[PDB]
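Trainee: Chains as they are written, first to last, in the UniProt record's numbering: chain A, 1 to 136; chain B, 1 to 94; chain C, 2 to 59; chain D, 10 to 85; chain E, 1 to 117. C-beta: ideal position from N, C-alpha, C; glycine also. The structure's right below; bear with me while I get my questions together.
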RNA sequence: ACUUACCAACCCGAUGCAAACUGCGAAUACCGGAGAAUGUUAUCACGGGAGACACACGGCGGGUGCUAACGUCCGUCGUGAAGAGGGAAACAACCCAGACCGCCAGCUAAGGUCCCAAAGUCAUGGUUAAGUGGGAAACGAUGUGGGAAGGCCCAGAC
RNA sequence: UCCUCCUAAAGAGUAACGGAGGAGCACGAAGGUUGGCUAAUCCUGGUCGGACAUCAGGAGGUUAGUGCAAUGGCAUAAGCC
RNA sequence: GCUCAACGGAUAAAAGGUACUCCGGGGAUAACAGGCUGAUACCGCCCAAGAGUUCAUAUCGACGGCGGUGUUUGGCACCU
RNA sequence: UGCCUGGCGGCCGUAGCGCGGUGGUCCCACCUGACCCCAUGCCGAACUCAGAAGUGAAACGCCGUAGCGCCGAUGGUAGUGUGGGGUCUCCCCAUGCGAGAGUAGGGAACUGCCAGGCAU
């Protein structure tokens with residue numbers, strides 16, 4: 001479960017999530033799972049999806065994870081008449097914009113890798129596509 | 001040999017260039033060597049099919065622009081950042 | 002020197018304060034008031050700021 | 010300890026801008042450090058408040074090795 | 001850091017002061033073999049008078065070019081040229097050289113001849 | 001003294017993230033000066049008299065909350081409050097628009113024109129077969145229309 | 001009650017039982033002026049001496065310092081003698 | 001000469017109880033029912049590692065994902 | 001008028017850092033010595049004075065080099081003022097403004113006052 005070792009600040013603003021992604025190209029590998037929509041991967045989601053594609057290649061290959069959950073997210077506990085400060089940090093997220101590559105693979109063929117990233121896609125909340133590397 | 005037709009552009013800028021990708025064209029530029037840079041526009045489907053082949057980026061190409069052939073290399077290419085499309089190509093003169 | 006005609010098309014209920022001033026600056030009052038002004042750079046720029054709610058007959 | 014606390018706003022910043030004509034004495038910029046320095050006809054106060062020593066129009070510019078922003082003046 | 005840059009570092013505060021005052025300044029430049037002196041305008045580019053132990057009118061007279069008795073001759077010379085051109089008030093820029101010995105002896109010979117500082 | 005399939009600071013290359021990071025950096029806004037036109041002096045100063053200091057919703061920028069609430073707290077604009085008329089079935093706060101009075105005159109706004117109900121069962125060319133229109137997701141599926149390439153084919157393809 | 005940063009929407013100002021920290025002093029020098037000076041850290045050599053102490057040289061360039069939070073400043077030093 | 005620090009400082013000088021209670025007010029503000037919301041709750045679907053001697057889906061279903069209902073615990077304070 | 005050096009500037013990395021080459025008649029630097037002026041919390045290292053036997057090694061200056069820095073269009077993209085629209089956590093249309101990164105490319109600064117020296 002991914003989570004920075006230490007930060008400056010425990011808690012962070014909510015922010016927004018507008019605009020398109022940096023990190024659009026498949027650099028590290030041959031293939032990749034590009035996002036098409038727009039949301040947050042939790043850290044549990046990112047892991048569940050790695051364990052799908054890892055299982056599915058039988059450990060051939062290499063897998064890179066391009067996104068990291070570094071925004072923290074608070075919840076108030078149950079019954080909390082509002083106010084009395086900001087809540088505790090429950091869990092961590094990456095924010096995803098349309099066009100971010102999330103996973104990359106090489107050291108398998110395009111038969112198998114399509115099936116691996118289909119099995120990951122079912123664990124993630126955002127709509128995704130398969131991409132191959134472009135030479136320029 | 002990879003042949004492309006083109007047109008010189010009347011308009012340009014955000015408003016103009018978004019109207020082109022509505023009309024299945026897209027804008028590109030020819031610069032490099034000596035002269036003034038040139039602004040051009042290209043059928044999207046033609047040049048999508050061509051740039052599938054990896055010889056697009058090695059070879060010299062041949063842009064017809066009001067009769068005059070020009071010989072150019074594919075220097076740079078902006079992709080639309082999820083759908084498989086193109087938003088712009090820089091063509092250096094060779 | 003050479004006059005132009007400017008007519009108020011839409012109401013100025015619920016506009017910005019800036020635009021309501023710009024109309025008073027053209028001397029427009031109600032809907033369908035037509036008004037004769039000299040054509041400078043500076044009049045043309047008022048007309049551009051409220052284009053949506055005016056209309057120009059050369 | 011929890012939070013709850015902030016100080017009162019000290020209304021710093023530029024007061025007179027370039028072009029603007031001033032009277033000797035007029036403050037031109039309050040500031041914590043020297044984001045701006047004093048050029049011609051201008052005093053650094055002791056809190057680095059910058060003020061006219063003569064009447065005239067304010068001029069900003071950049072100067073010297075380090076590219077520092079000087080406020081100076083054109084006495085009319 | 002060589003000696004020339006360290007000497008300029010020493011000099012720089014004196015000189016930035018003398019800009020904002022808007023003063024005419026008597027710059028001096030000592031060397032082991034020689035000693036020079038210029039009077040420089042309020043703007044800080046254009047020179048009004050000069051003297052030195054190279055320029056031959058003064059070199060002919062002297063025993064040796066770089067000692068106290070040279071400098072007393074040069075400090076004499078700059079005053080007598082500056083007073084012709086209507087320059088009484090100056091401010092003595094020692095240019096990163098201790099006020100002492102050879103540079104002192106230049107200045108005190110310019111006060112003799114009536115150049116005011 | 002020797003080998004190491006183990007962690008690997010720094011440097012090097014590629015790659016992301018930041019309210020409390022910035023070797024960059026808009027639009028707007030704000031300050032100042034000059035110049036037309038326009039506006040019932042709309043600016044400022046000094047006196048007499050107040051009321052008010054429980055605000056609300058809508059849009060945009062944010063904090064908080066679960067990017068829950070007709071929630072809550074700032075910023076900025078609008079309307080209501082103190083505003084009738086027309087539209088949104090009905091509907092303070094949304095869209096249009098500011099009612100001095102009268103008329104059994106006319107032109108338009110938003111929104112409309114089969115009947116209830118004022119006005120097109122108007123014209124031209126397509127789409128849908130689900131009453132979709134007229135409540136909603138991941139995901140599913142030889143539903144059906146358009147577009148651009150690709151492979152296979154009278155050497156007999158599916 | 002006061003000070004600093006963010007929230008605060010590139011002038012100022014701007015709320016919440018929003019997010020982070022400080023103060024309720026010190027100093028006749030830690031003030032004034034004249035003159036001079038330039039940091040941290042790491043590497044190499046060297047009695048006791050070791051990862052760490054005084055000495056020498058090199059790399060490095062303020063990553064240091066600024067009585068005390070934070071921010072903005074600071075080499076003409078506002079740092080050091 | 002004041003930690004008059006509740007820091008624009010009610011006095012030089014001040015703590016509790018009421019189920020024995022009283023008056024004036026408030027739905028400006030709580031308990032109860034309604035309303036908005038749906039974190040929680042309940043019901044369902046998607047993915048399918050694995051269990052089921054062999055076999056993912058007869059029966060189950062980890063890691064995760066998308067909904068419905070308005071039924072529970074709440075949140076808000078609009079009604080009284 | 002040309003070449004070279006010194007001082008004071010303007011300008012602030014297109015101007016800098018490195019790498020290689022080169023300059024001593026003057027200039028400049030190191031350099032020689034120190035009872036005296038002065039100096040070291042020890043030291044003529046520095047500062048200072050009295051000098052001119054030696055040297056351009058270091059330093060400084062000039063020339064060359066695109067290795068590192070530095071500057072840098074056109075186009076497109078992002079953002080956004082006003083008006084309008086949506087499937088409204090986010091976008092699209094008309095219109096006005098329009099980055100940052102990157103690309104081509106540029107680039108081994110340019111410029112003033114005074115002094116001195118060599119050549120003509």
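Any beta carbon of chain B sitting closer than 8 Å to that of residue 98 (chain A)?
Mentor: yes
Trainee: Check residue 46 (chain D) in the structure and name its three-state DSSP category.
Mentor: Shown here, residue 46 (chain D) sits in a strand according to DSSP, grouped into three states.
Trainee: Select from the region 20 to 39 of chain A all residues with a C-beta closer than 7 Å to any C-beta belonging to chain B, and list them in chain order.
Mentor: 20, 21, 24, 34, 36
Trainee: List, from N- to C-terminal side, the beta strand (DSSP E) runs of 3 residues or more that fit wholly inside the region 8 to 77 of chain A.
Mentor: 31 to 35, 39 to 42, 62 to 65, 71 to 75
Trainee: Note down, in chain order, each residue of its chain lying with its Cβ closer than 6 Å to the Cβ of residue 120 (chain A), except the 5 sequence neighbours on either side.
Mentor: 49, 52, 53
Trainee: Take residue 6 (chain E) as the anchor and find which of E:74, E:31, E:97, E:55 has the nearest alpha-carbon.
Mentor: E:97
Trainee: Between which two residues does the beta strand (DSSP E) holding residue 142 (chain A) run?
Mentor: Since the first residue of chain A shown is 1 and the last is 136, residue 142 (chain A) is not available in this structure.
Trainee: Whose C-alpha, out of B:25, B:72, B:56, is nearest the C-alpha of residue 87 (chain B)?
Mentor: B:25
Trainee: Find the residues of chain B that neighbour residue 67 (chain A), judging by a C-beta separation of less than 7 Å, and give them in chain order.
Mentor: Within 7 Å of the CB of residue 67 (chain A), no CB atom of chain B is found; the nearest one sits about 15 Å away.
Trainee: Measure the CB-CB distance between residue 28 (chain D) and residue 67 (chain D) and report whether it falls below 8 Å.
Mentor: yes
Trainee: Spatial neighbours of residue 115 (chain A) within its chain, please: C-beta separation below 8 Å, excluding the five flanking residues on both sides.
Mentor: Within the same chain, Cβ atoms closer than 8 Å to the Cβ of residue 115 (chain A) are found at 56, the five residues on either side in sequence being excluded.
Trainee: Which residue from B:75, B:4, B:69, B:19 puts its Cα closest to that of residue 10 (chain B)?
Mentor: B:19
Trainee: Provide the residue span of the alpha helix (DSSP H) that contains residue 48 (chain B), from first to last.
Mentor: 44 to 52
Trainee: Tell me the residue span of the alpha helix (DSSP H) that contains residue 57 (chain B).
Mentor: 55 to 58
Trainee: I'd like the span of the alpha helix (DSSP H) that includes residue 84 (chain B), first residue to last.
Mentor: No alpha helix (DSSP H) holds residue 84 (chain B); DSSP gives it neither H nor E.
Trainee: Using three-state DSSP, classify residue 29 (chain E) as helix, strand or coil.
Mentor: strand
Trainee: Taking C-alpha atoms, which residue in D:14, D:24, D:18, D:17 lies nearest to residue 69 (chain D)?
Mentor: D:24
Trainee: Would residue 132 (chain A) pass as an interface residue toward chain B - the criterion being a Cβ-Cβ separation below 8 Å?
Mentor: no
Trainee: Under DSSP, the alpha helix (DSSP H) around residue 33 (chain C) begins and ends at which residues?
Mentor: Segment: none, residue 33 (chain C) is in no alpha helix (DSSP H) and carries neither H nor E.
Trainee: DSSP on residue 125 (chain A), reduced to helix/strand/coil?
Mentor: coil
Trainee: Note the first and the last residue of the continuous alpha helix (DSSP H) segment covering residue 17 (chain B).
Mentor: Boundaries of the alpha helix (DSSP H) around residue 17 (chain B): 14 to 22.
Trainee: Does the pairing of the region 89 to 104 of chain A with the region 63 to 80 of chain A give three or more beta-carbon distances under 8 Å?
Mentor: yes
Trainee: For residue 37 (chain B), return the contacting residues in chain A, with the cut-off set at a CB-CB distance below 8 Å.
Mentor: Near residue 37 (chain B) there are no residues of chain A at all, since even the closest Cβ is about 20 Å away, more than 8 Å.
Trainee: State yes or no: is the beta carbon of residue 101 (chain A) nearer than 8 Å to at least one beta carbon in chain B?
Mentor: no
Trainee: How long is the line joining the alpha carbons of residue 80 (chain D) and residue 35 (chain C), rounded to whole angstroms?
Mentor: 51 Å
Trainee: Figure out for me which residue from A:134, A:31, A:79 has the closest Cα to the Cα of residue 62 (chain A).
Mentor: A:31
Trainee: Closer than 7 Å by C-beta to residue 44 (chain E): which residues in its own chain qualify, once you throw out the five before and the five after it? Chain order, please.
Mentor: 19, listed in sequence order.
Trainee: Name the residues in the region 4 to 33 of chain B whose C-beta lies less than 9 Å from a C-beta of chain A; which are they?
Mentor: none
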